[PDB]
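The data block below is work_23.txt; it holds compact mmCIF, N, CA and C atoms and all ligand atoms.
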```
# COMPACT_ATOMS: atom_id res chain seq x y z
N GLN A 1 -10.82 -4.48 -12.84
CA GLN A 1 -10.30 -3.75 -11.64
C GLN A 1 -11.28 -3.75 -10.43
N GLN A 2 -10.85 -4.29 -9.29
CA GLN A 2 -11.54 -4.05 -8.02
C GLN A 2 -10.81 -2.96 -7.25
N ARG A 3 -11.56 -2.25 -6.41
CA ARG A 3 -11.06 -1.22 -5.54
C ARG A 3 -11.61 -1.42 -4.14
N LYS A 4 -10.76 -1.25 -3.14
CA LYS A 4 -11.16 -1.43 -1.75
C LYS A 4 -10.33 -0.50 -0.86
N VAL A 5 -10.98 0.27 -0.02
CA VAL A 5 -10.27 1.09 0.93
C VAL A 5 -10.05 0.30 2.22
N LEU A 6 -8.78 0.15 2.58
CA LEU A 6 -8.34 -0.46 3.83
C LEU A 6 -7.83 0.55 4.84
N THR A 7 -8.08 0.22 6.11
CA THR A 7 -7.57 0.96 7.25
C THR A 7 -6.73 -0.02 8.04
N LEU A 8 -5.42 0.22 8.05
CA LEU A 8 -4.46 -0.55 8.84
C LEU A 8 -4.18 0.17 10.15
N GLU A 9 -4.04 -0.58 11.22
CA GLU A 9 -3.75 0.00 12.54
C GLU A 9 -2.68 -0.84 13.22
N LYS A 10 -1.68 -0.17 13.80
CA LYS A 10 -0.61 -0.88 14.50
C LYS A 10 -0.28 -0.23 15.86
N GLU A 11 0.56 -0.90 16.64
CA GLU A 11 1.11 -0.27 17.86
C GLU A 11 2.38 0.48 17.51
N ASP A 12 2.71 1.45 18.35
CA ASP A 12 3.90 2.31 18.21
C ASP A 12 5.20 1.57 17.92
N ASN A 13 5.44 0.49 18.66
CA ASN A 13 6.70 -0.25 18.61
C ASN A 13 6.68 -1.39 17.58
N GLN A 14 6.13 -1.10 16.42
CA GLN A 14 5.61 -2.12 15.54
C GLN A 14 5.57 -1.53 14.12
N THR A 15 5.84 -2.37 13.12
CA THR A 15 5.69 -1.97 11.71
C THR A 15 4.34 -2.46 11.21
N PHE A 16 3.88 -1.97 10.05
CA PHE A 16 2.62 -2.46 9.47
C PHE A 16 2.76 -3.87 8.90
N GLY A 17 3.98 -4.22 8.55
CA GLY A 17 4.30 -5.57 8.08
C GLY A 17 4.11 -5.75 6.57
N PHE A 18 4.32 -4.73 5.76
CA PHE A 18 4.32 -4.97 4.31
C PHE A 18 5.45 -4.27 3.60
N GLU A 19 5.71 -4.66 2.37
CA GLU A 19 6.77 -4.06 1.58
C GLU A 19 6.17 -3.56 0.30
N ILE A 20 6.74 -2.47 -0.20
CA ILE A 20 6.32 -1.92 -1.49
C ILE A 20 7.45 -1.71 -2.47
N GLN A 21 7.07 -1.69 -3.75
CA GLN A 21 7.94 -1.33 -4.85
C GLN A 21 7.18 -0.38 -5.74
N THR A 22 7.90 0.43 -6.50
CA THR A 22 7.29 1.44 -7.38
C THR A 22 7.78 1.18 -8.77
N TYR A 23 6.85 0.93 -9.68
CA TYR A 23 7.18 0.63 -11.07
C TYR A 23 6.96 1.86 -11.98
N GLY A 24 7.95 2.22 -12.79
CA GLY A 24 7.83 3.28 -13.79
C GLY A 24 7.18 2.74 -15.04
N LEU A 25 5.85 2.74 -15.07
CA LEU A 25 5.11 2.22 -16.21
C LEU A 25 5.22 3.12 -17.43
N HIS A 26 4.96 2.54 -18.60
CA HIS A 26 4.99 3.24 -19.89
C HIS A 26 3.64 3.12 -20.60
N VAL A 27 6.67 8.16 -18.07
CA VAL A 27 6.69 7.22 -16.95
C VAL A 27 5.61 7.58 -15.92
N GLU A 28 4.67 6.67 -15.71
CA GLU A 28 3.78 6.76 -14.56
C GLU A 28 4.23 5.80 -13.46
N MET A 29 4.69 6.35 -12.35
CA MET A 29 4.99 5.58 -11.17
C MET A 29 3.70 4.95 -10.60
N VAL A 30 3.68 3.63 -10.52
CA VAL A 30 2.67 2.89 -9.78
C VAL A 30 3.35 2.12 -8.65
N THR A 31 2.86 2.31 -7.44
CA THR A 31 3.38 1.66 -6.29
C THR A 31 2.44 0.54 -5.90
N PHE A 32 3.00 -0.64 -5.66
CA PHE A 32 2.21 -1.83 -5.32
C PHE A 32 2.89 -2.60 -4.18
N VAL A 33 2.14 -3.50 -3.55
CA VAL A 33 2.61 -4.30 -2.46
C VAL A 33 3.35 -5.53 -3.02
N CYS A 34 4.62 -5.70 -2.64
CA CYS A 34 5.38 -6.84 -3.11
C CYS A 34 5.37 -8.00 -2.08
N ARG A 35 5.26 -7.69 -0.78
CA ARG A 35 5.21 -8.69 0.29
C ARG A 35 4.32 -8.23 1.45
N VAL A 36 3.62 -9.19 2.07
CA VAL A 36 2.87 -8.95 3.30
C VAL A 36 3.16 -10.05 4.33
N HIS A 37 3.69 -9.70 5.50
CA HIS A 37 4.06 -10.74 6.48
C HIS A 37 2.83 -11.26 7.17
N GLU A 38 2.82 -12.55 7.47
CA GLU A 38 1.64 -13.19 8.09
C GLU A 38 1.23 -12.61 9.45
N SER A 39 -0.09 -12.50 9.64
CA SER A 39 -0.71 -12.04 10.88
C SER A 39 -0.25 -10.63 11.28
N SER A 40 0.20 -9.84 10.30
CA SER A 40 0.63 -8.48 10.55
C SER A 40 -0.58 -7.55 10.50
N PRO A 41 -0.44 -6.34 11.06
CA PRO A 41 -1.49 -5.33 10.90
C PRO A 41 -2.00 -5.21 9.46
N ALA A 42 -1.09 -5.33 8.50
CA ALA A 42 -1.38 -5.30 7.06
C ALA A 42 -2.29 -6.45 6.59
N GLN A 43 -1.87 -7.66 6.92
CA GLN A 43 -2.59 -8.85 6.59
C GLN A 43 -4.04 -8.79 7.14
N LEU A 44 -4.16 -8.48 8.42
CA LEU A 44 -5.45 -8.41 9.11
C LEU A 44 -6.40 -7.34 8.56
N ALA A 45 -5.84 -6.24 8.07
CA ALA A 45 -6.62 -5.24 7.37
C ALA A 45 -7.06 -5.71 5.96
N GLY A 46 -6.49 -6.81 5.46
CA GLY A 46 -6.81 -7.34 4.14
C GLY A 46 -5.81 -7.05 3.01
N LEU A 47 -4.72 -6.37 3.32
CA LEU A 47 -3.69 -6.11 2.31
C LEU A 47 -3.06 -7.37 1.75
N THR A 48 -2.89 -7.38 0.43
CA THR A 48 -2.45 -8.53 -0.33
C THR A 48 -1.32 -8.16 -1.33
N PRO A 49 -0.31 -9.03 -1.46
CA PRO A 49 0.69 -8.90 -2.50
C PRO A 49 0.03 -8.68 -3.87
N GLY A 50 0.59 -7.78 -4.64
CA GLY A 50 0.02 -7.42 -5.92
C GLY A 50 -0.99 -6.29 -5.85
N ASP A 51 -1.40 -5.88 -4.66
CA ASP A 51 -2.31 -4.75 -4.56
C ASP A 51 -1.55 -3.47 -5.00
N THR A 52 -2.13 -2.69 -5.89
CA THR A 52 -1.63 -1.34 -6.15
C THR A 52 -2.17 -0.46 -5.06
N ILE A 53 -1.32 0.42 -4.53
CA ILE A 53 -1.78 1.47 -3.62
C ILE A 53 -2.03 2.71 -4.41
N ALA A 54 -3.28 3.12 -4.52
CA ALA A 54 -3.68 4.26 -5.33
C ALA A 54 -3.78 5.57 -4.51
N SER A 55 -4.15 5.43 -3.25
CA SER A 55 -4.30 6.56 -2.34
C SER A 55 -3.82 6.19 -0.97
N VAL A 56 -3.33 7.20 -0.25
CA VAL A 56 -2.99 7.10 1.19
C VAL A 56 -3.64 8.32 1.88
N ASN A 57 -4.57 8.04 2.78
CA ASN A 57 -5.40 9.03 3.45
C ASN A 57 -5.98 10.08 2.48
N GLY A 58 -6.56 9.61 1.38
CA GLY A 58 -7.12 10.51 0.39
C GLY A 58 -6.08 11.34 -0.36
N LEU A 59 -4.80 11.00 -0.26
CA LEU A 59 -3.84 11.59 -1.20
C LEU A 59 -3.72 10.59 -2.33
N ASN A 60 -3.87 11.08 -3.55
CA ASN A 60 -3.62 10.31 -4.72
C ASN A 60 -2.14 10.05 -4.82
N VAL A 61 -1.71 8.79 -4.67
CA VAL A 61 -0.28 8.48 -4.72
C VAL A 61 0.16 7.92 -6.07
N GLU A 62 -0.76 7.83 -7.02
CA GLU A 62 -0.36 7.47 -8.38
C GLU A 62 0.51 8.58 -8.92
N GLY A 63 1.62 8.20 -9.56
CA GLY A 63 2.54 9.17 -10.13
C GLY A 63 3.58 9.65 -9.14
N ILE A 64 3.43 9.29 -7.86
CA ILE A 64 4.40 9.71 -6.84
C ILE A 64 5.61 8.76 -6.80
N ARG A 65 6.78 9.35 -6.53
CA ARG A 65 8.02 8.58 -6.50
C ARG A 65 8.14 7.78 -5.23
N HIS A 66 8.98 6.76 -5.31
CA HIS A 66 9.06 5.74 -4.29
C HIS A 66 9.40 6.32 -2.93
N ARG A 67 10.39 7.21 -2.89
CA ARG A 67 10.80 7.78 -1.59
C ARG A 67 9.68 8.57 -0.93
N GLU A 68 8.91 9.33 -1.71
CA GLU A 68 7.83 10.12 -1.17
C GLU A 68 6.72 9.27 -0.58
N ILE A 69 6.37 8.17 -1.26
CA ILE A 69 5.29 7.29 -0.75
C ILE A 69 5.74 6.59 0.52
N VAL A 70 7.02 6.25 0.62
CA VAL A 70 7.56 5.69 1.85
C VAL A 70 7.45 6.70 3.00
N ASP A 71 7.82 7.94 2.73
CA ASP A 71 7.74 9.04 3.70
C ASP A 71 6.29 9.34 4.08
N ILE A 72 5.42 9.37 3.07
CA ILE A 72 4.02 9.51 3.34
C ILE A 72 3.51 8.45 4.31
N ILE A 73 3.86 7.20 4.08
CA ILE A 73 3.31 6.11 4.91
C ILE A 73 3.87 6.22 6.31
N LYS A 74 5.17 6.53 6.40
CA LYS A 74 5.83 6.69 7.68
C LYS A 74 5.28 7.88 8.47
N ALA A 75 4.83 8.92 7.77
CA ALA A 75 4.25 10.12 8.38
C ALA A 75 2.84 9.85 8.92
N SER A 76 2.26 8.72 8.52
CA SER A 76 0.89 8.38 8.85
C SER A 76 0.73 7.90 10.29
N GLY A 77 1.84 7.65 10.97
CA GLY A 77 1.77 7.07 12.30
C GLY A 77 1.17 5.68 12.33
N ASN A 78 0.28 5.43 13.27
CA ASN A 78 -0.19 4.08 13.60
C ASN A 78 -1.47 3.66 12.91
N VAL A 79 -2.09 4.61 12.21
CA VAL A 79 -3.36 4.42 11.48
C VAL A 79 -3.09 4.80 10.04
N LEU A 80 -3.39 3.90 9.13
CA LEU A 80 -3.09 4.10 7.73
C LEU A 80 -4.28 3.65 6.85
N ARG A 81 -4.75 4.55 5.99
CA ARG A 81 -5.87 4.26 5.11
C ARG A 81 -5.37 4.17 3.66
N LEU A 82 -5.49 2.99 3.07
CA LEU A 82 -5.01 2.69 1.71
C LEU A 82 -6.15 2.35 0.77
N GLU A 83 -6.34 3.12 -0.32
CA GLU A 83 -7.19 2.64 -1.43
C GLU A 83 -6.33 1.69 -2.26
N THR A 84 -6.73 0.44 -2.32
CA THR A 84 -6.07 -0.57 -3.11
C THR A 84 -6.83 -0.82 -4.40
N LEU A 85 -6.07 -1.16 -5.45
CA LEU A 85 -6.61 -1.66 -6.74
C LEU A 85 -6.01 -3.05 -6.96
N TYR A 86 -6.83 -3.97 -7.45
CA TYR A 86 -6.41 -5.37 -7.68
C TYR A 86 -7.37 -6.09 -8.58
N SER A 87 -6.96 -7.29 -9.01
CA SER A 87 -7.88 -8.24 -9.64
C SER A 87 -7.30 -9.61 -9.47
N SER A 88 -8.10 -10.62 -9.74
CA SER A 88 -7.64 -11.98 -9.75
C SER A 88 -7.94 -12.63 -11.05
N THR A 89 -7.06 -13.51 -11.47
CA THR A 89 -7.29 -14.27 -12.68
C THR A 89 -8.50 -15.19 -12.49
N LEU A 90 -8.59 -15.76 -11.30
CA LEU A 90 -9.60 -16.75 -11.03
C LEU A 90 -10.49 -16.32 -9.89
CL CL B 101 12.22 1.63 4.65
```

Spit out the file's structure as structure tokens when you get a sec.
Amino acid sequence: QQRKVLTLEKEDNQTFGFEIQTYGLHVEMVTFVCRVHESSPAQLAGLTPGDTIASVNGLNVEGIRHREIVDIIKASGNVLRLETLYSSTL
């Protein structure tokens, strides 16, 4: 497991440019990044597909349901701080 805190920043008329899904693991909800659009605020901050989002602005989002994490991120405005968890095979 690697861990990295990212800070994403966008303009008002603009999305962060990533998508998430929430998996009910065996139930512990884990939310991870399923897509990141190229050259988006997300990409530039270092966000990568497969990253688990463990925290949003120091809120532990592990165990949180999908709708709440979406609302949390949307409530964050234009600055978003994500603790990511990831690893690579190679
Ligand atoms: Cl949405």

Between atom C of residue 66 (chain A) and CA of residue 86 (chain A), measure the distance and give it in Å to one decimal.
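Spanning atom C of residue 66 (chain A) to CA of residue 86 (chain A) is a straight-line distance of 20.2 Å.
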
Apply DSSP to the backbone of this structure and, from chain A, keep only the residues in alpha helix (DSSP H); write these as a list in words. residues 41, 42, 43, 44, 45, 66, 67, 68, 69, 70, 71, 72, 73, 74 and 75 of chain A

Can you tell me which residues come within 10 Å of ligand CL 101 (chain B) when counting only C-alpha atoms and all ligand atoms, ideally as a PDB file with N, CA and C atoms, keeping the file's coordinate frame?
```pdb
ATOM      1  N   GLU A  19       5.710  -4.660   2.370  1.00  0.00           N
ATOM      2  CA  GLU A  19       6.770  -4.060   1.580  1.00  0.00           C
ATOM      3  C   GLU A  19       6.170  -3.560   0.300  1.00  0.00           C
ATOM      4  N   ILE A  20       6.740  -2.470  -0.200  1.00  0.00           N
ATOM      5  CA  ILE A  20       6.320  -1.920  -1.490  1.00  0.00           C
ATOM      6  C   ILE A  20       7.450  -1.710  -2.470  1.00  0.00           C
ATOM      7  N   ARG A  67      10.390   7.210  -2.890  1.00  0.00           N
ATOM      8  CA  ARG A  67      10.800   7.780  -1.590  1.00  0.00           C
ATOM      9  C   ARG A  67       9.680   8.570  -0.930  1.00  0.00           C
ATOM     10  N   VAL A  70       7.020   6.250   0.620  1.00  0.00           N
ATOM     11  CA  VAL A  70       7.560   5.690   1.850  1.00  0.00           C
ATOM     12  C   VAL A  70       7.450   6.700   3.000  1.00  0.00           C
ATOM     13  N   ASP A  71       7.820   7.940   2.730  1.00  0.00           N
ATOM     14  CA  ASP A  71       7.740   9.040   3.700  1.00  0.00           C
ATOM     15  C   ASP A  71       6.290   9.340   4.080  1.00  0.00           C
ATOM     16  N   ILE A  73       3.860   7.200   4.080  1.00  0.00           N
ATOM     17  CA  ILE A  73       3.310   6.110   4.910  1.00  0.00           C
ATOM     18  C   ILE A  73       3.870   6.220   6.310  1.00  0.00           C
ATOM     19  N   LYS A  74       5.170   6.530   6.400  1.00  0.00           N
ATOM     20  CA  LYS A  74       5.830   6.690   7.680  1.00  0.00           C
ATOM     21  C   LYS A  74       5.280   7.880   8.470  1.00  0.00           C
TER      22      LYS A  74
END
```

Atom pair CA of residue 2 (chain A) / atom C of residue 51 (chain A): separation (Å)
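Taking CA of residue 2 (chain A) and atom C of residue 51 (chain A), their separation equals 10.5 Å.
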
task: Step one, run DSSP on the backbone; step two, keep only residues of chain A assigned to strand (DSSP E or B); then write them as a PyMOL selection string.
output: chain A and resi 2-9+18-25+28-36+52-56+59-60+79-86

Discussion item. Ranking A:31, A:15, A:76, A:7 by minimum distance to residue 64 (chain A) and counting only C-alpha atoms, which one comes first?
Written reply: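 Nearest to residue 64 (chain A): A:31.
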
Output region 54-68 of chain A with N, CA, C and O atoms present, as a CSV table (one decimal), in the frame of the given file.
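The new file out.csv reads:
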```csv
chain,number,residue,atom,x,y,z
A,54,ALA,N,-3.3,3.1,-4.5
A,54,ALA,CA,-3.7,4.3,-5.3
A,54,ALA,C,-3.8,5.6,-4.5
A,54,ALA,O,-3.5,6.7,-5.0
A,55,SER,N,-4.2,5.4,-3.2
A,55,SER,CA,-4.3,6.6,-2.3
A,55,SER,C,-3.8,6.2,-1.0
A,55,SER,O,-4.0,5.1,-0.6
A,56,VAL,N,-3.3,7.2,-0.2
A,56,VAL,CA,-3.0,7.1,1.2
A,56,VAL,C,-3.6,8.3,1.9
A,56,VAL,O,-3.3,9.5,1.6
A,57,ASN,N,-4.6,8.0,2.8
A,57,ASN,CA,-5.4,9.0,3.4
A,57,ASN,C,-6.0,10.1,2.5
A,57,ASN,O,-5.9,11.3,2.7
A,58,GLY,N,-6.6,9.6,1.4
A,58,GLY,CA,-7.1,10.5,0.4
A,58,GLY,C,-6.1,11.3,-0.4
A,58,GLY,O,-6.4,12.3,-1.0
A,59,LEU,N,-4.8,11.0,-0.3
A,59,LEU,CA,-3.8,11.6,-1.2
A,59,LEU,C,-3.7,10.6,-2.3
A,59,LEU,O,-3.5,9.4,-2.1
A,60,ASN,N,-3.9,11.1,-3.6
A,60,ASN,CA,-3.6,10.3,-4.7
A,60,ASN,C,-2.1,10.0,-4.8
A,60,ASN,O,-1.4,11.0,-5.1
A,61,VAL,N,-1.7,8.8,-4.7
A,61,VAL,CA,-0.3,8.5,-4.7
A,61,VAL,C,0.2,7.9,-6.1
A,61,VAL,O,1.3,7.6,-6.3
A,62,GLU,N,-0.8,7.8,-7.0
A,62,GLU,CA,-0.4,7.5,-8.4
A,62,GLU,C,0.5,8.6,-8.9
A,62,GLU,O,0.2,9.8,-8.7
A,63,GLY,N,1.6,8.2,-9.6
A,63,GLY,CA,2.5,9.2,-10.1
A,63,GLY,C,3.6,9.6,-9.1
A,63,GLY,O,4.5,10.3,-9.5
A,64,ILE,N,3.4,9.3,-7.9
A,64,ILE,CA,4.4,9.7,-6.8
A,64,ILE,C,5.6,8.8,-6.8
A,64,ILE,O,5.5,7.5,-7.0
A,65,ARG,N,6.8,9.4,-6.5
A,65,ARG,CA,8.0,8.6,-6.5
A,65,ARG,C,8.1,7.8,-5.2
A,65,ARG,O,7.5,8.1,-4.2
A,66,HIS,N,9.0,6.8,-5.3
A,66,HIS,CA,9.1,5.7,-4.3
A,66,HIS,C,9.4,6.3,-2.9
A,66,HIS,O,8.8,6.0,-1.9
A,67,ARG,N,10.4,7.2,-2.9
A,67,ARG,CA,10.8,7.8,-1.6
A,67,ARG,C,9.7,8.6,-0.9
A,67,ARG,O,9.5,8.5,0.3
A,68,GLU,N,8.9,9.3,-1.7
A,68,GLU,CA,7.8,10.1,-1.2
A,68,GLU,C,6.7,9.3,-0.6
A,68,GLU,O,6.1,9.6,0.5
```
